[PDB]
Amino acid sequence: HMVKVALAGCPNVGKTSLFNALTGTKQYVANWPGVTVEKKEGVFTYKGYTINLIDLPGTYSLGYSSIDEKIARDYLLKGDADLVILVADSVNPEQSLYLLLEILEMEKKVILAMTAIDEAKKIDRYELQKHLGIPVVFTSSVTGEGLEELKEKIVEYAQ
């Protein structure tokens, strides 16, 4: 099967690192349609599923007026993605949780991928997940921690 998965997040939450760890060199850069804003897109396979991962511009809010947010908002409204992975900073999750509320308006199928889990130690996952009613995965792009659990969640939504 094919699955289209959008990666969303505020600026500086490790979204590029996570994108790179998932796609490796199987990615390429182009421009979003009609604008100069760069688009990264890539592919990986997991357990028979081919996943097209599209990196959305960083956004504090989908409602803002800059081109970055218009791009992300428009893409999420036109629900081409099958699900969304929201990349979130573990140390300071407030902005990510705000964005999550906005995204849930447009797409109910969301996975929360927490980053900076190593620094953070220096959150009860099951508790955060029970609260939110969506899967929450703790990831480290560097060690690969949590990436298997993330991909497993992608295929669960896909079905």
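All residue numbers refer to positions in the sequence shown, first residue = 1.
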Q) Unmodelled deposited residues between residue 122 and residue 123: none, 1 to 3, 4 to 9, or 10 or more? A) 4 to 9
Q: Would you mind comparing 55 to 63 and 29 to 37 for me and telling me which has the higher average C-alpha temperature factor in the entry?
A: 29 to 37
Q: May I ask you to compare 106 to 114 and 125 to 133 by their mean CA B factor in the entry and name the higher one?
A: 125 to 133
Q) So where's residue 88 on the chain's Cα temperature factor ranking, which third? A) lowest
**Q.** Third assignment of residue 158 from its chain's C-alpha B-factors
**A.** highest
(Q) Lowest, middle or highest third: which one holds residue 6 when the chain's residues are ordered by CA B-factor from the entry? (A) lowest
